[PDB]
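Colleague: Dropping the structure in here first, questions after.
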Amino acid sequence: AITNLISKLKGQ
Amino acid sequence: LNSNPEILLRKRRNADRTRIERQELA
Amino acid sequence: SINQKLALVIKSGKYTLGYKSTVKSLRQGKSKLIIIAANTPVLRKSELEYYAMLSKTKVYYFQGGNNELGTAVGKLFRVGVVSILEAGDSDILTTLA
Amino acid sequence: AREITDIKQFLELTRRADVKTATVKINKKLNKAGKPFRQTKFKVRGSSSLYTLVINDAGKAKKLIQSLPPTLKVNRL
Amino acid sequence: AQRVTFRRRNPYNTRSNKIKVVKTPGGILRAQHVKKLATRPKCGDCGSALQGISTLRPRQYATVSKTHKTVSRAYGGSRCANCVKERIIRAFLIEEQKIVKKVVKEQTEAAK
Amino acid sequence: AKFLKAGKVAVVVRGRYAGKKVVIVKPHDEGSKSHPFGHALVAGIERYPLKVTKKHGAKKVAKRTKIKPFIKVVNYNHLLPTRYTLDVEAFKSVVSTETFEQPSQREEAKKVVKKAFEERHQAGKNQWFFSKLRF
Amino acid sequence: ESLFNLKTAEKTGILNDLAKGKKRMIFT
RNA sequence: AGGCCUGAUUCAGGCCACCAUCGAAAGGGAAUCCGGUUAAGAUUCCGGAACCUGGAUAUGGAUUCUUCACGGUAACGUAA
Ligand SMILES: [Zn+2]
């Protein structure tokens, strides 16, 4: 089960 | 090789298809 | 930062630098995350994206060229794409980065 | 011109209908061992080329000479 | 130390008539005109010389078999291997992107 | 996860069959003694079937729908995997490592693959697999 | 003519279906 | 401003665009060499040897179950 593959920094 | 001369008539091309188209046209 | 996590991964974890190694690890299913430089050619980038979609591997678009990504990794040569086989001591995988 | 290695090919060439003559050429020459020997070239021309068969063995050349058709004109040298 | 000259009508040192000097079976030096060298066929996408294709003059290709001027792969004899590989990959990815864009359009027009 | 498994459709990018569509029957990730690289046994289409319209009839339709198959050992580097799948249950037993060392087994495998492909095409299934890629 | 993009691949919101080979289309 | 194609016989339909010609014995261009020979001719003649182009056709082989062939991961190879 996948919904998103592009990742981003959480602290910004 | 013991042959015999003769004249051969080749089969006409697209005969059945043309017959069908003529039948539908009429 | 993201450079610190990458440096820690190279120091302690397991990685593959380059397109061929990244694709091989994607085929073998051993990749946890692929970092793509912004300087990579469009055809190779699209092929990597399709392979990641097939293998369900997370994608992170690095904000810099292949030389900036190479310097971030800690190597004096350009790297166009990095694949993280094992995070090791770092926490790049945990923070969704 | 062409060079052939097959003896029966040469005989087949000499057996064709439109053949004029065949040339037998003798050459005295040295081998790599330094011992001189006698080399025979059988030359016959087909339709548009001249086929040459080179034989370095005296006995094989003699057998080929004996195997030529009796109605074929042979040019010695 | 014998001097030789042209054997044809052209008396000028043009590219068309070029002379080589050869020693004939008569023991003398004589001139011989050399033809223009053939050029290797080039790829239609990158311009690199095609591999596996014989190099001949334009009219000499009409007398050789098809295996001496083609390659068994698709586009063989016109494009090289790498260009064909790029063409295949690009076509497949373009088709996939078209499918994805069509699905996105269907979804975004399905709201109303 | 791994996507180069049995039943996965791939596009060959290198070799005589470049641009042709194949289906993977048996993946070998560690390779073999004769093929020391990550390779796969595939069954693909060498001559795609031609389209049939209402004008065609009887023998012509039988001629146009014939499919020529091929069986190959392909390196992973020479394959482009797709997201599509095709069932290989009919002929997963004829295409093996042994098949490519015995020409008679190659002949039998190609016969079986041809029959299976023609049956599946006539069933109307897998229209994408039996369509040529335009490149 | 644009190549495959993962951003527009996620904009549809269905990645499991696409990776499973769900939407198959033949053009031209 | 013209050519071509389709058609069980119905003259109907269809495709395509663009301008004559002249202008180079140094440009582009299919293919011949050696030896000999005359008072005076030679890559032209003679002897031998070989190529290019076009044409009609026959034979062998291939086109492997009956219908447009195979091999190698690949670059690529092949008598078709
Ligand atoms: Zn190329």
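Chain C uses Swiss-Prot numbers throughout; the residues present, in order, are 9-105.
Per the header of the entry, the method used was electron microscopy, 3.1 Å.
Cβ coordinates come from backbone N, Cα and C, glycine included.
Features from Swiss-Prot:
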CROSSLNK  C:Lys22  ubiquitin cross-link
CROSSLNK  C:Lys53  ubiquitin cross-link
CROSSLNK  C:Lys83  ubiquitin cross-link
Colleague: From the Cα of C:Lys22 (ubiquitin cross-link) across to the Cα of C:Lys83 (ubiquitin cross-link), what is the distance in angstrom?
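Modeller: Checking the Cα atoms of C:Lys83 (ubiquitin cross-link) and C:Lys22 (ubiquitin cross-link) gives a distance of 15 Å.
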Colleague: Translate the DSSP assignment of C:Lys22 (ubiquitin cross-link) into the three-state scheme.
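Modeller: In the DSSP reduction, C:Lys22 (ubiquitin cross-link) maps to strand.
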Colleague: Taking DSSP three-state, what's C:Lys53 (ubiquitin cross-link) in: helix, strand or coil?
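Modeller: DSSP call for C:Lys53 (ubiquitin cross-link): helix.
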Colleague: Could you measure between C:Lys22 (ubiquitin cross-link) and C:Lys53 (ubiquitin cross-link) for me? Cα positions, answer in whole angstrom.
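Modeller: C:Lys53 (ubiquitin cross-link) has its Cα 22 Å from the Cα of C:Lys22 (ubiquitin cross-link).
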Colleague: Determine the most Cβ-crowded residue among the recorded sites C:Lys22, C:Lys53, using a 10 Å radius around each Cβ and all protein chains in the structure.
Modeller: C:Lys53
Colleague: Using CB under 6 Å from any atom of ligand 1, narrow the recorded sites C:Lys22, C:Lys53, C:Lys83 to the ones that qualify.
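Modeller: What lies within reach of ligand 1, judged by Cβ under 6 Å, is none of the recorded sites.
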Colleague: Starting from the Cβ of C:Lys83 (ubiquitin cross-link), draw a 10 Å sphere and report how many other Cβ atoms land inside it.
Modeller: 12
